[PDB]
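Participant: My structure file structure_33.txt, compact mmCIF, N, CA and C atoms, is below:
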```txt
# COMPACT_ATOMS: atom_id res chain seq x y z
N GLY A 1 -2.40 13.53 -4.84
CA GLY A 1 -1.54 14.71 -5.04
C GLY A 1 -0.46 14.45 -6.07
N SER A 2 0.10 15.50 -6.67
CA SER A 2 1.12 15.45 -7.75
C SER A 2 2.42 14.70 -7.41
N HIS A 3 2.71 14.50 -6.12
CA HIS A 3 3.88 13.79 -5.59
C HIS A 3 3.49 12.61 -4.66
N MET A 4 2.19 12.28 -4.57
CA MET A 4 1.63 11.20 -3.75
C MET A 4 0.27 10.74 -4.33
N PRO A 5 0.25 9.80 -5.30
CA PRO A 5 -0.97 9.09 -5.67
C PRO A 5 -1.43 8.17 -4.52
N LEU A 6 -2.70 7.75 -4.55
CA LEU A 6 -3.33 6.88 -3.53
C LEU A 6 -3.18 7.40 -2.08
N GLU A 7 -3.12 8.73 -1.89
CA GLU A 7 -2.79 9.39 -0.61
C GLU A 7 -3.66 8.95 0.60
N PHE A 8 -4.89 8.50 0.35
CA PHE A 8 -5.79 7.92 1.36
C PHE A 8 -5.23 6.68 2.08
N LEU A 9 -4.23 5.99 1.52
CA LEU A 9 -3.55 4.85 2.15
C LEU A 9 -2.60 5.26 3.29
N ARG A 10 -2.00 6.46 3.23
CA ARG A 10 -0.68 6.81 3.80
C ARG A 10 -0.44 6.55 5.30
N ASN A 11 -1.49 6.34 6.09
CA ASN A 11 -1.46 6.17 7.54
C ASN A 11 -2.36 5.03 8.07
N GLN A 12 -3.07 4.30 7.19
CA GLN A 12 -4.18 3.42 7.58
C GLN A 12 -3.72 2.20 8.42
N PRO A 13 -4.53 1.71 9.38
CA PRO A 13 -4.21 0.54 10.22
C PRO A 13 -3.78 -0.72 9.46
N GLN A 14 -4.32 -0.95 8.25
CA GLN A 14 -3.90 -2.05 7.38
C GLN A 14 -2.58 -1.74 6.64
N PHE A 15 -2.39 -0.51 6.16
CA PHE A 15 -1.19 -0.06 5.45
C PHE A 15 0.06 -0.05 6.35
N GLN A 16 -0.14 0.13 7.66
CA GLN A 16 0.86 -0.08 8.71
C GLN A 16 1.38 -1.54 8.82
N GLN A 17 0.68 -2.54 8.26
CA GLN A 17 0.89 -3.97 8.55
C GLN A 17 1.02 -4.85 7.30
N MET A 18 0.13 -4.73 6.30
CA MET A 18 0.10 -5.59 5.11
C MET A 18 1.40 -5.56 4.29
N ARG A 19 2.06 -4.40 4.23
CA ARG A 19 3.38 -4.20 3.59
C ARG A 19 4.50 -4.99 4.28
N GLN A 20 4.44 -5.12 5.61
CA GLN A 20 5.38 -5.94 6.39
C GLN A 20 5.36 -7.41 5.95
N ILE A 21 4.19 -7.89 5.51
CA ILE A 21 3.99 -9.26 5.02
C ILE A 21 4.69 -9.43 3.67
N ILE A 22 4.48 -8.46 2.77
CA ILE A 22 5.03 -8.47 1.39
C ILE A 22 6.56 -8.33 1.39
N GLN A 23 7.12 -7.58 2.34
CA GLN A 23 8.56 -7.46 2.59
C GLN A 23 9.26 -8.77 3.06
N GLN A 24 8.51 -9.86 3.26
CA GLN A 24 9.01 -11.20 3.63
C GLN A 24 8.54 -12.26 2.62
N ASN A 25 7.33 -12.08 2.09
CA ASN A 25 6.72 -12.90 1.04
C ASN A 25 6.15 -12.03 -0.09
N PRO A 26 6.98 -11.57 -1.05
CA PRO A 26 6.53 -10.80 -2.21
C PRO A 26 5.60 -11.60 -3.14
N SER A 27 5.67 -12.94 -3.08
CA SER A 27 4.72 -13.88 -3.69
C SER A 27 3.26 -13.70 -3.25
N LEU A 28 3.01 -12.99 -2.13
CA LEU A 28 1.67 -12.70 -1.61
C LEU A 28 1.19 -11.26 -1.91
N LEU A 29 1.93 -10.47 -2.69
CA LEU A 29 1.41 -9.21 -3.26
C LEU A 29 0.09 -9.41 -4.03
N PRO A 30 0.00 -10.36 -4.99
CA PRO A 30 -1.27 -10.77 -5.60
C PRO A 30 -2.36 -11.08 -4.59
N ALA A 31 -2.01 -11.89 -3.59
CA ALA A 31 -2.89 -12.34 -2.53
C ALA A 31 -3.35 -11.21 -1.58
N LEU A 32 -2.70 -10.03 -1.60
CA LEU A 32 -3.11 -8.86 -0.81
C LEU A 32 -4.01 -7.95 -1.64
N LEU A 33 -3.70 -7.77 -2.93
CA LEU A 33 -4.59 -7.12 -3.89
C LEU A 33 -5.94 -7.85 -3.97
N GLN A 34 -5.91 -9.18 -4.09
CA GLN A 34 -7.12 -10.01 -3.99
C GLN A 34 -7.85 -9.84 -2.65
N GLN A 35 -7.12 -9.66 -1.54
CA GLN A 35 -7.73 -9.52 -0.21
C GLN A 35 -8.42 -8.17 -0.04
N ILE A 36 -7.82 -7.09 -0.54
CA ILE A 36 -8.46 -5.78 -0.67
C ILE A 36 -9.75 -5.91 -1.50
N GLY A 37 -9.74 -6.67 -2.60
CA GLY A 37 -10.93 -6.93 -3.41
C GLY A 37 -12.09 -7.64 -2.68
N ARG A 38 -11.84 -8.33 -1.56
CA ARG A 38 -12.89 -8.97 -0.72
C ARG A 38 -13.52 -8.04 0.33
N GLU A 39 -13.00 -6.83 0.54
CA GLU A 39 -13.48 -5.90 1.59
C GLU A 39 -13.59 -4.43 1.16
N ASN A 40 -12.82 -4.02 0.16
CA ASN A 40 -12.88 -2.72 -0.51
C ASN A 40 -12.55 -2.85 -2.02
N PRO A 41 -13.44 -3.45 -2.84
CA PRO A 41 -13.23 -3.54 -4.29
C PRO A 41 -13.10 -2.17 -4.98
N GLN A 42 -13.62 -1.11 -4.36
CA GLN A 42 -13.50 0.28 -4.82
C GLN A 42 -12.08 0.83 -4.61
N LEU A 43 -11.43 0.51 -3.49
CA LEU A 43 -10.00 0.74 -3.29
C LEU A 43 -9.16 -0.13 -4.22
N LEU A 44 -9.62 -1.35 -4.49
CA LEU A 44 -8.84 -2.32 -5.28
C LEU A 44 -8.68 -1.86 -6.73
N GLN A 45 -9.80 -1.53 -7.36
CA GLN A 45 -9.81 -0.93 -8.70
C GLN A 45 -9.05 0.41 -8.78
N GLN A 46 -9.00 1.20 -7.70
CA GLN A 46 -8.19 2.43 -7.62
C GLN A 46 -6.69 2.15 -7.52
N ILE A 47 -6.28 1.19 -6.70
CA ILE A 47 -4.90 0.67 -6.65
C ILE A 47 -4.47 0.12 -8.02
N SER A 48 -5.36 -0.62 -8.68
CA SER A 48 -5.11 -1.22 -10.01
C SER A 48 -4.89 -0.17 -11.10
N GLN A 49 -5.61 0.96 -11.03
CA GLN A 49 -5.43 2.14 -11.89
C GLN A 49 -4.09 2.89 -11.68
N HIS A 50 -3.31 2.54 -10.65
CA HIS A 50 -2.05 3.20 -10.27
C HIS A 50 -0.94 2.20 -9.87
N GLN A 51 -1.03 0.93 -10.31
CA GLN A 51 -0.28 -0.20 -9.75
C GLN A 51 1.25 -0.01 -9.68
N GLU A 52 1.86 0.61 -10.69
CA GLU A 52 3.31 0.91 -10.71
C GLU A 52 3.73 1.89 -9.59
N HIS A 53 2.85 2.82 -9.22
CA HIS A 53 3.03 3.77 -8.12
C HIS A 53 2.61 3.18 -6.77
N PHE A 54 1.60 2.30 -6.75
CA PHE A 54 1.25 1.53 -5.55
C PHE A 54 2.44 0.72 -5.06
N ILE A 55 3.14 0.00 -5.95
CA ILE A 55 4.34 -0.77 -5.59
C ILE A 55 5.41 0.11 -4.91
N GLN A 56 5.56 1.39 -5.28
CA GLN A 56 6.50 2.29 -4.59
C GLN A 56 6.11 2.56 -3.12
N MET A 57 4.82 2.74 -2.85
CA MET A 57 4.26 2.92 -1.49
C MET A 57 4.17 1.61 -0.69
N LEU A 58 4.03 0.48 -1.38
CA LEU A 58 3.93 -0.88 -0.86
C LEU A 58 5.29 -1.49 -0.48
N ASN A 59 6.35 -1.23 -1.26
CA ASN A 59 7.64 -1.92 -1.16
C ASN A 59 8.61 -1.28 -0.14
N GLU A 60 8.40 -0.01 0.20
CA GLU A 60 9.13 0.71 1.26
C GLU A 60 8.90 0.09 2.67
N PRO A 61 9.80 0.33 3.64
CA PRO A 61 9.60 -0.11 5.02
C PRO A 61 8.53 0.76 5.71
N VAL A 62 7.68 0.14 6.54
CA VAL A 62 6.54 0.80 7.20
C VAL A 62 6.91 1.93 8.17
N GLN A 63 8.16 1.97 8.65
CA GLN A 63 8.75 3.04 9.46
C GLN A 63 10.22 3.26 9.05
N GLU A 64 10.73 4.47 9.25
CA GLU A 64 12.10 4.88 8.89
C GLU A 64 12.58 6.02 9.81
N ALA A 65 13.90 6.18 9.98
CA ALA A 65 14.52 7.19 10.85
C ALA A 65 14.13 8.65 10.54
N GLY A 66 13.67 8.95 9.32
CA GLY A 66 13.11 10.26 8.94
C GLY A 66 11.83 10.65 9.71
N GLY A 67 11.12 9.67 10.28
CA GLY A 67 9.93 9.88 11.12
C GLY A 67 10.16 10.72 12.39
N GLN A 68 11.43 10.94 12.78
CA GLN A 68 11.83 11.86 13.86
C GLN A 68 11.48 13.34 13.58
N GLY A 69 11.28 13.73 12.31
CA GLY A 69 10.82 15.08 11.93
C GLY A 69 11.10 15.50 10.48
N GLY A 70 12.06 14.86 9.80
CA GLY A 70 12.42 15.14 8.40
C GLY A 70 13.63 14.33 7.91
N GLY A 71 13.98 14.50 6.63
CA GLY A 71 15.05 13.75 5.95
C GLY A 71 16.49 14.23 6.20
N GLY A 72 16.68 15.26 7.04
CA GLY A 72 17.98 15.85 7.39
C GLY A 72 17.88 16.88 8.52
```
When written as structure tokens, how does the structure in this file appear?
Facilitator:
Amino acid sequence: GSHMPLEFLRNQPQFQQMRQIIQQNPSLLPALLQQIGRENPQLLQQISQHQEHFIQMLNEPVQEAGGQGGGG
């Protein structure tokens, strides 16, 4: 979508968890892109086509106080 690239990630059981790892070891961002390449190389090449926007969805916290219903 025009305000959400890679939208198929947004709720996934791995996307709930792999970002928590990178938020403690950003040195393993390469090692997570490589890990996606061992099980979904089709997702990997799609993330690679959007990498600057993937980092925005990747670097945020997996939960936030806005999850109660909205931003205000």
Participant: Pick out each residue of chain A that DSSP on the backbone tags as helix (DSSP H, G or I); I need them as an mmCIF file with N, CA and C atoms, keeping the file's coordinate frame.
Facilitator:
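Dumped everything to part31.cif:
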```cif
data_model
loop_
_atom_site.group_PDB
_atom_site.id
_atom_site.type_symbol
_atom_site.label_atom_id
_atom_site.label_comp_id
_atom_site.auth_asym_id
_atom_site.auth_seq_id
_atom_site.Cartn_x
_atom_site.Cartn_y
_atom_site.Cartn_z
ATOM 1 N N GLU A 7 -3.120 8.730 -1.890
ATOM 2 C CA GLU A 7 -2.790 9.390 -0.610
ATOM 3 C C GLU A 7 -3.660 8.950 0.600
ATOM 4 N N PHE A 8 -4.890 8.500 0.350
ATOM 5 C CA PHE A 8 -5.790 7.920 1.360
ATOM 6 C C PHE A 8 -5.230 6.680 2.080
ATOM 7 N N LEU A 9 -4.230 5.990 1.520
ATOM 8 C CA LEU A 9 -3.550 4.850 2.150
ATOM 9 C C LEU A 9 -2.600 5.260 3.290
ATOM 10 N N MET A 18 0.130 -4.730 6.300
ATOM 11 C CA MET A 18 0.100 -5.590 5.110
ATOM 12 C C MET A 18 1.400 -5.560 4.290
ATOM 13 N N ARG A 19 2.060 -4.400 4.230
ATOM 14 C CA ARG A 19 3.380 -4.200 3.590
ATOM 15 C C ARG A 19 4.500 -4.990 4.280
ATOM 16 N N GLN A 20 4.440 -5.120 5.610
ATOM 17 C CA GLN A 20 5.380 -5.940 6.390
ATOM 18 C C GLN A 20 5.360 -7.410 5.950
ATOM 19 N N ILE A 21 4.190 -7.890 5.510
ATOM 20 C CA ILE A 21 3.990 -9.260 5.020
ATOM 21 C C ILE A 21 4.690 -9.430 3.670
ATOM 22 N N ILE A 22 4.480 -8.460 2.770
ATOM 23 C CA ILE A 22 5.030 -8.470 1.390
ATOM 24 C C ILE A 22 6.560 -8.330 1.390
ATOM 25 N N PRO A 26 6.980 -11.570 -1.050
ATOM 26 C CA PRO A 26 6.530 -10.800 -2.210
ATOM 27 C C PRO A 26 5.600 -11.600 -3.140
ATOM 28 N N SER A 27 5.670 -12.940 -3.080
ATOM 29 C CA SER A 27 4.720 -13.880 -3.690
ATOM 30 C C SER A 27 3.260 -13.700 -3.250
ATOM 31 N N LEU A 28 3.010 -12.990 -2.130
ATOM 32 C CA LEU A 28 1.670 -12.700 -1.610
ATOM 33 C C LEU A 28 1.190 -11.260 -1.910
ATOM 34 N N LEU A 29 1.930 -10.470 -2.690
ATOM 35 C CA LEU A 29 1.410 -9.210 -3.260
ATOM 36 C C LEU A 29 0.090 -9.410 -4.030
ATOM 37 N N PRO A 30 0.000 -10.360 -4.990
ATOM 38 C CA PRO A 30 -1.270 -10.770 -5.600
ATOM 39 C C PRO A 30 -2.360 -11.080 -4.590
ATOM 40 N N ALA A 31 -2.010 -11.890 -3.590
ATOM 41 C CA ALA A 31 -2.890 -12.340 -2.530
ATOM 42 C C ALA A 31 -3.350 -11.210 -1.580
ATOM 43 N N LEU A 32 -2.700 -10.030 -1.600
ATOM 44 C CA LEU A 32 -3.110 -8.860 -0.810
ATOM 45 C C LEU A 32 -4.010 -7.950 -1.640
ATOM 46 N N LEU A 33 -3.700 -7.770 -2.930
ATOM 47 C CA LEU A 33 -4.590 -7.120 -3.890
ATOM 48 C C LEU A 33 -5.940 -7.850 -3.970
ATOM 49 N N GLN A 34 -5.910 -9.180 -4.090
ATOM 50 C CA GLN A 34 -7.120 -10.010 -3.990
ATOM 51 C C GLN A 34 -7.850 -9.840 -2.650
ATOM 52 N N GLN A 35 -7.120 -9.660 -1.540
ATOM 53 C CA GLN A 35 -7.730 -9.520 -0.210
ATOM 54 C C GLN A 35 -8.420 -8.170 -0.040
ATOM 55 N N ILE A 36 -7.820 -7.090 -0.540
ATOM 56 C CA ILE A 36 -8.460 -5.780 -0.670
ATOM 57 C C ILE A 36 -9.750 -5.910 -1.500
ATOM 58 N N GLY A 37 -9.740 -6.670 -2.600
ATOM 59 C CA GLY A 37 -10.930 -6.930 -3.410
ATOM 60 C C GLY A 37 -12.090 -7.640 -2.680
ATOM 61 N N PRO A 41 -13.440 -3.450 -2.840
ATOM 62 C CA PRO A 41 -13.230 -3.540 -4.290
ATOM 63 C C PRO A 41 -13.100 -2.170 -4.980
ATOM 64 N N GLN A 42 -13.620 -1.110 -4.360
ATOM 65 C CA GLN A 42 -13.500 0.280 -4.820
ATOM 66 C C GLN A 42 -12.080 0.830 -4.610
ATOM 67 N N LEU A 43 -11.430 0.510 -3.490
ATOM 68 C CA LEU A 43 -10.000 0.740 -3.290
ATOM 69 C C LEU A 43 -9.160 -0.130 -4.220
ATOM 70 N N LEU A 44 -9.620 -1.350 -4.490
ATOM 71 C CA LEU A 44 -8.840 -2.320 -5.280
ATOM 72 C C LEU A 44 -8.680 -1.860 -6.730
ATOM 73 N N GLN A 45 -9.800 -1.530 -7.360
ATOM 74 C CA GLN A 45 -9.810 -0.930 -8.700
ATOM 75 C C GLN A 45 -9.050 0.410 -8.780
ATOM 76 N N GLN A 46 -9.000 1.200 -7.700
ATOM 77 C CA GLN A 46 -8.190 2.430 -7.620
ATOM 78 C C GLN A 46 -6.690 2.150 -7.520
ATOM 79 N N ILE A 47 -6.280 1.190 -6.700
ATOM 80 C CA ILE A 47 -4.900 0.670 -6.650
ATOM 81 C C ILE A 47 -4.470 0.120 -8.020
ATOM 82 N N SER A 48 -5.360 -0.620 -8.680
ATOM 83 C CA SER A 48 -5.110 -1.220 -10.010
ATOM 84 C C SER A 48 -4.890 -0.170 -11.100
ATOM 85 N N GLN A 51 -1.030 0.930 -10.310
ATOM 86 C CA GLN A 51 -0.280 -0.200 -9.750
ATOM 87 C C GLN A 51 1.250 -0.010 -9.680
ATOM 88 N N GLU A 52 1.860 0.610 -10.690
ATOM 89 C CA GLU A 52 3.310 0.910 -10.710
ATOM 90 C C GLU A 52 3.730 1.890 -9.590
ATOM 91 N N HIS A 53 2.850 2.820 -9.220
ATOM 92 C CA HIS A 53 3.030 3.770 -8.120
ATOM 93 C C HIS A 53 2.610 3.180 -6.770
ATOM 94 N N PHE A 54 1.600 2.300 -6.750
ATOM 95 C CA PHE A 54 1.250 1.530 -5.550
ATOM 96 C C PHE A 54 2.440 0.720 -5.060
ATOM 97 N N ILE A 55 3.140 0.000 -5.950
ATOM 98 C CA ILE A 55 4.340 -0.770 -5.590
ATOM 99 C C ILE A 55 5.410 0.110 -4.910
ATOM 100 N N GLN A 56 5.560 1.390 -5.280
ATOM 101 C CA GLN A 56 6.500 2.290 -4.590
ATOM 102 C C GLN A 56 6.110 2.560 -3.120
ATOM 103 N N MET A 57 4.820 2.740 -2.850
ATOM 104 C CA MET A 57 4.260 2.920 -1.490
ATOM 105 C C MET A 57 4.170 1.610 -0.690
ATOM 106 N N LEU A 58 4.030 0.480 -1.380
ATOM 107 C CA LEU A 58 3.930 -0.880 -0.860
ATOM 108 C C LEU A 58 5.290 -1.490 -0.480
ATOM 109 N N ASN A 59 6.350 -1.230 -1.260
ATOM 110 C CA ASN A 59 7.640 -1.920 -1.160
ATOM 111 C C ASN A 59 8.610 -1.280 -0.140
ATOM 112 N N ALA A 65 13.900 6.180 9.980
ATOM 113 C CA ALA A 65 14.520 7.190 10.850
ATOM 114 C C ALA A 65 14.130 8.650 10.540
ATOM 115 N N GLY A 66 13.670 8.950 9.320
ATOM 116 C CA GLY A 66 13.110 10.260 8.940
ATOM 117 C C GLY A 66 11.830 10.650 9.710
ATOM 118 N N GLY A 67 11.120 9.670 10.280
ATOM 119 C CA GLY A 67 9.930 9.880 11.120
ATOM 120 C C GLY A 67 10.160 10.720 12.390
ATOM 121 N N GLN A 68 11.430 10.940 12.780
ATOM 122 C CA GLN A 68 11.830 11.860 13.860
ATOM 123 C C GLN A 68 11.480 13.340 13.580
#
```
Participant: Go through segment 33-71 of chain A and flag each residue having an atom no more than 8 Å from segment 1-17 of chain A; for those, report the closest pair of atoms plus their distance in Å to one decimal, using all atoms listed in the file, ordered by chain and rising number, as a tab-separated table.
Facilitator:
```
residue	atom	partner	partner_atom	distance
A:46	C	A:6	CA	7.0
A:47	CA	A:6	CA	7.1
A:50	CA	A:6	N	7.3
A:53	C	A:5	C	6.8
A:54	N	A:5	C	7.0
A:62	CA	A:16	C	5.9
A:63	N	A:16	CA	7.6
```
Participant: How far is it from atom CA of residue 36 of chain A to atom CA of residue 24 of chain A, in Å with one decimal?
Facilitator: 18.8 Å
Participant: What does the structure give for the distance between atom CA of residue 48 of chain A and atom CA of residue 61 of chain A, in Å to one decimal?
Facilitator: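 Separation of atom CA of residue 48 of chain A and atom CA of residue 61 of chain A: 21.1 Å.
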Participant: For atom CA of residue 72 of chain A and atom CA of residue 58 of chain A, quote the distance in Å rounded to one decimal.
Facilitator: 23.4 Å
Participant: Please return the centre and edge lengths, in Å to one decimal, of a box with edges along x, y and z that contains all listed atoms of segment 33-45 of chain A, widened by 8 Å on every side, as JSON.
Facilitator:
```
{"center_x": -8.7, "center_y": -4.6, "center_z": -3.6, "size_x": 25.9, "size_y": 26.8, "size_z": 26.4}
```
Participant: Of the candidates A:59, A:43, A:68, A:38, which one gets nearest to residue 23 of chain A if we count all atoms listed in the file?
Facilitator: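 Of A:59, A:43, A:68, A:38, the one nearest residue 23 of chain A, counting all atoms listed in the file, is A:59.
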Participant: Pick out the closest residue to residue 22 of chain A from this set: A:71, A:52, A:65, A:60. Count only C-alpha atoms.
Facilitator: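 Looking at the shortest contact to residue 22 of chain A, the residue is A:60.
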Participant: Determine, counting only C-alpha atoms, which protein, DNA and RNA residues have an atom within 10 Å of an atom of residue 32 of chain A; residues of the same chain fewer than 5 positions away are not included. Present the result as an NGL selection string.
Facilitator: :A and (18-19 or 21-22 or 26-27 or 37-38 or 44)
Participant: Restore N, CA, C and O atoms in segment 32-48 of chain A and list the result as a short mmCIF file (atom, residue, chain, number, x, y, z; two decimals), in the coordinates of the input.
Facilitator:
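Saved result, result-v8.cif, follows:
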```
data_model
loop_
_atom_site.label_atom_id
_atom_site.label_comp_id
_atom_site.auth_asym_id
_atom_site.auth_seq_id
_atom_site.Cartn_x
_atom_site.Cartn_y
_atom_site.Cartn_z
N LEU A 32 -2.70 -10.03 -1.60
CA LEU A 32 -3.11 -8.86 -0.81
C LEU A 32 -4.01 -7.95 -1.64
O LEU A 32 -5.04 -7.48 -1.15
N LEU A 33 -3.70 -7.77 -2.93
CA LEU A 33 -4.59 -7.12 -3.89
C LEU A 33 -5.94 -7.85 -3.97
O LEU A 33 -6.99 -7.24 -3.82
N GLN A 34 -5.91 -9.18 -4.09
CA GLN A 34 -7.12 -10.01 -3.99
C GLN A 34 -7.85 -9.84 -2.65
O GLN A 34 -9.08 -9.84 -2.63
N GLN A 35 -7.12 -9.66 -1.54
CA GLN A 35 -7.73 -9.52 -0.21
C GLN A 35 -8.42 -8.17 -0.04
O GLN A 35 -9.55 -8.12 0.45
N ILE A 36 -7.82 -7.09 -0.54
CA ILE A 36 -8.46 -5.78 -0.67
C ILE A 36 -9.75 -5.91 -1.50
O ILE A 36 -10.78 -5.40 -1.10
N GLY A 37 -9.74 -6.67 -2.60
CA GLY A 37 -10.93 -6.93 -3.41
C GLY A 37 -12.09 -7.64 -2.68
O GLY A 37 -13.24 -7.51 -3.12
N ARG A 38 -11.84 -8.33 -1.56
CA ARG A 38 -12.89 -8.97 -0.72
C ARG A 38 -13.52 -8.04 0.33
O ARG A 38 -14.52 -8.43 0.95
N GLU A 39 -13.00 -6.83 0.54
CA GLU A 39 -13.48 -5.90 1.59
C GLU A 39 -13.59 -4.43 1.16
O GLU A 39 -14.42 -3.68 1.70
N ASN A 40 -12.82 -4.02 0.16
CA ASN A 40 -12.88 -2.72 -0.51
C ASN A 40 -12.55 -2.85 -2.02
O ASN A 40 -11.50 -2.40 -2.47
N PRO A 41 -13.44 -3.45 -2.84
CA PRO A 41 -13.23 -3.54 -4.29
C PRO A 41 -13.10 -2.17 -4.98
O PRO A 41 -12.48 -2.07 -6.04
N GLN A 42 -13.62 -1.11 -4.36
CA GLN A 42 -13.50 0.28 -4.82
C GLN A 42 -12.08 0.83 -4.61
O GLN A 42 -11.54 1.51 -5.49
N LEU A 43 -11.43 0.51 -3.49
CA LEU A 43 -10.00 0.74 -3.29
C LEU A 43 -9.16 -0.13 -4.22
O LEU A 43 -8.11 0.30 -4.69
N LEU A 44 -9.62 -1.35 -4.49
CA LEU A 44 -8.84 -2.32 -5.28
C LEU A 44 -8.68 -1.86 -6.73
O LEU A 44 -7.57 -1.73 -7.24
N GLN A 45 -9.80 -1.53 -7.36
CA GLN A 45 -9.81 -0.93 -8.70
C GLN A 45 -9.05 0.41 -8.78
O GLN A 45 -8.48 0.72 -9.82
N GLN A 46 -9.00 1.20 -7.70
CA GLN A 46 -8.19 2.43 -7.62
C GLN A 46 -6.69 2.15 -7.52
O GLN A 46 -5.91 2.77 -8.24
N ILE A 47 -6.28 1.19 -6.70
CA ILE A 47 -4.90 0.67 -6.65
C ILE A 47 -4.47 0.12 -8.02
O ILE A 47 -3.38 0.41 -8.49
N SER A 48 -5.36 -0.62 -8.68
CA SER A 48 -5.11 -1.22 -10.01
C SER A 48 -4.89 -0.17 -11.10
O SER A 48 -4.03 -0.34 -11.97
#
```
